[PDB]
Amino acid sequence: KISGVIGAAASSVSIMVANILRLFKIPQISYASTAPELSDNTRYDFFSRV
Amino acid sequence: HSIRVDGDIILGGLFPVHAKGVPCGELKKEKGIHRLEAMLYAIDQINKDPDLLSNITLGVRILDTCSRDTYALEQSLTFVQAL
Amino acid sequence: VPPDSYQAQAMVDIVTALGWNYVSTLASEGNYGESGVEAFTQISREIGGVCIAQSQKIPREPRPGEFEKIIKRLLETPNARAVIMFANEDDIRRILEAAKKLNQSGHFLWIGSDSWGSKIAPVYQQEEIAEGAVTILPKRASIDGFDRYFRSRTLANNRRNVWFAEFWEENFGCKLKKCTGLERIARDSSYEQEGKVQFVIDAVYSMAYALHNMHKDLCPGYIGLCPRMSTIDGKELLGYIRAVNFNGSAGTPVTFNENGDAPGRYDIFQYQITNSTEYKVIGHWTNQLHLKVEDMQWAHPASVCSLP
Ligand SMILES: N[C@H](C(=O)O)c1ccc(C(=O)O)c(C(=O)O)c1
């Protein structure tokens, strides 16, 4: 059972993965993705970035 | 919250029965009901029509999109649960 | 339904036929509006002869004062009287009412997409500000059999529809004041068939033939489901889907190209106000514009950047 995911690099990859990790309620932390549209809590709520 | 009609070959449908809210909002009488009723009518015509898919029955699996992307993603998941 | 590249080409053809060369675009956030406006810009540049003044974007969540700001930026260039729109119904209505509030009647010349279409709601109680707008729609006709089917439905016979109770409650304005449930559709309430109904039925038939042809090839002389046809492969079924040719519910043919697209066939409407109001057909587009200028009625105005 996966409890958390260390995210992808490109922003598109992160968006694609986050759309499913939201449905299954798994936290995601990314290390390189910087697209401004991933700061929206309504649509991407389990996404965080360093 | 999902329409079942059994048959030999099963088709799936996605229609906006409700509006975007809350995940879901108000009913759409024209964009949602008329269209799914049209799909059901077409299925009934094909099943009743001879010399087109003779002796083969078509069923339906009709779901709601609620005019949203994520909700449709969840319904697509229930489409592909078999695999 | 055909893609929006053909619609952009038809819009460019309309503009060049009306003798306009200075236009401003307006799009809503999302794939639809942005893609349509981008296609229009690319085509208009490549062909030449049409220059774009401004491009404005309507936010998905409108902050207060958005539409007045959009109108005021549009007015920064007063020779751009033609606006190409790819916008939702609510956005169109709010833009029109903001134009009415700022008193800009007659300044703007609207050209809208199928999101405008023939809809009364955007133009209700705002006829003057939206008089003379030219809109585009894929061709379509009403289906009588579906009308009989929908008018014959009751609560007893239509039980496979889970949502039919809510439709019954809302349509007649009753609760199941209370209602006995003996009401009949199209007699005690208004009714008119939805526009894309045909496009739904056709879609279903596209499967029905595509499977059928397959059973005529992979199942020679065997009636019913076949041992090899039990596992209906999607990749194989794609070719049969994309190589169909039949007459639809309206009677027009249905074909797909190699990219799974329908050919581009459009009707053109104009909103006219006589001493009733209606959307009147003024031409069509079938890979080449066929437009009637003798039957157009404005309040023709020119949108040019400077006079000769
Ligand atoms: N922040 C951007 C983005 O949002 O995609 C980004 C993400 C990952 C990488 C990478 O693969 O190292 C790069 C890069 O090419 O350096 C750029």
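All residue numbers refer to a per-chain count from 1 along the written sequence rather than necessarily to the numbering of the entry. Residues that lack coordinates are not shown. All chains are assigned letters beginning at A, and all ligands numbers beginning at 1, according to the order in which they are written. Taken together, the chains in view make up part of a larger assembly, and the values describe this part alone. With hydrogens and water excluded, all non-hydrogen atoms of the structure serve as input to the side-chain values. Residues with missing side-chain atoms are left out of burial classes, side-chain pairs and their counts.

Q: If you had to explain the UniProt feature "disulfide bond" in chain C to someone new, which residues and values would you point to?
A: Residue and element names in this part refer to chain C. Whenever a pair of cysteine sulfur atoms sits within 2.5 Å, that pair is classed as a disulfide. UniProt positions are given in the numbering used here, feature names are shortened, and annotations may be inferred rather than shown by experiment. At 2.0 Å between sulfur atoms, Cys 174 and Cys 179 form the disulfide that UniProt records. One exposure class covers both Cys 174 and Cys 179, and it is buried. Of the disulfides catalogued by UniProt, the one between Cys 219 and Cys 226 is formed in the present coordinates, where the sulfur separation is 2.0 Å. The same class applies to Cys 219 as to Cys 226, namely buried. The buried label applies to any residue whose accessible area, calculated with a 1.4 Å probe on protein chains only, is under 20% of its type's maximum; exposed applies above 50%, and partly exposed to all values in between.

Q: I'd like a rundown of the site of the ligand, residues and numbers included.
A: Residues and elements named next belong to chain A. What makes a residue near a molecule or strand is one non-hydrogen atom of that residue sitting within 4 Å of it. The local shell around the ligand consists of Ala 9, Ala 10, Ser 11, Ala 32 and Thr 34. Within the side chain of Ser 11, a nitrogen or oxygen atom sits 2.6 Å from an oxygen atom of the ligand. Any pair of nitrogen or oxygen atoms within 3.5 Å is treated as a polar contact; in protein, a donor-acceptor pairing is required on top of that, and neighbouring residues in sequence qualify only through side-chain atoms on both sides. In this structure, a nitrogen atom belonging to the ligand sits 2.8 Å away from a side-chain N or O atom of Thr 34. Here the open area of atoms and residues is found with the Shrake-Rupley method and a 1.4 Å probe, where only the protein chains shown may cover a residue. For the ligand, whose free accessible area comes to 400 Å², the fraction covered by protein is 38%. Here the shell around the ligand is composed, by residue class, of 3 nonpolar, 2 polar and no charged. For this classification, the nonpolar set comprises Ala, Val, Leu, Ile, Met, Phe, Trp, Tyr, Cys and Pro, the charged set comprises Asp, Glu, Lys and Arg, and every other residue, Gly included, is treated as polar.

Q: Run through the nonpolar core, naming residues and quoting values.
A: Membership of the largest hydrophobic core comes to 50 residues, with the highest contact counts inside it found for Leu 36, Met 39, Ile 46 and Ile 62 of chain B together with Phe 167 of chain C. Excluding its chain neighbours within four sequence positions, the residues that come into contact with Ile 62 of chain B are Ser 2, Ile 3, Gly 13, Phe 15, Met 39 and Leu 40 of chain B together with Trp 163 of chain C. Residues belong to a common nonpolar core when they are buried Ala, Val, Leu, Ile, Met, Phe, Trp, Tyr or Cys residues joined through side-chain atoms within 4.5 Å. Counting residues in each nonpolar core, the second largest holds 28 residues, with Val 15, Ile 84, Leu 109 and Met 296 of chain C among its members. Any two residues having at least one pair of non-hydrogen atoms within 4.5 Å are treated as being in contact.

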